[PDB]
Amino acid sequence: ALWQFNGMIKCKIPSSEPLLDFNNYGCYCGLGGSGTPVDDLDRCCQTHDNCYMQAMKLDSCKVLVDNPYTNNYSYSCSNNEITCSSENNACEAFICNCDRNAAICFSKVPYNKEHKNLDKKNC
């Protein structure tokens, strides 16, 4: 769920408020997403969007009524490392992995201020 993803991103980027810093960035970070990613951070978000689309194709996922944004899962942050839990069932586990991958991705790419609040004439 979005509460968990926020925490993951803070795990990797402890100075951030991710729901502010990483929402409405580029063509893909935030609601929806199309066009060409503007930079590597935007590409992290495209991958994550694709991961959530692939979570929904899962037979596993077609039961929790929640979407990936509302589907809770279990994870830990420890020493700024994210660990998804073996106690997660299949849908939960898949979404946790999508989120972990994206949080790590965000932490390893440049942040270009020019793309924050981009006009979706670029997308």
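The first residue of the shown sequence is 1; numbering continues from there.
Student: Got a sec? Mean C-alpha B-factor, which is higher, 85-93 or 28-36?
Tutor: Comparing 28-36 with 85-93, the higher average CA B-factor belongs to 28-36.
Student: Quick check on the record: does 71-79 or 45-53 carry the larger mean Cα temperature factor?
Tutor: Mean B over CA atoms: larger for 71-79.
Student: Would you mind ranking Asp21 by its C-alpha B-factor against the rest of the chain and naming the third, lowest, middle or highest?
Tutor: Its C-alpha B-factor belongs to the middle third of this chain's values.
Student: Quick check on the deposited entry: does the C-alpha B-factor of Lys12 sit in the lowest, middle or highest third of its chain?
Tutor: For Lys12, the deposited C-alpha B-factor lands in the lowest third.
Student: By the recorded C-alpha temperature factor, relative to the other modelled residues in its chain, which third is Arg100 in?
Tutor: It falls in the bottom third of the chain.
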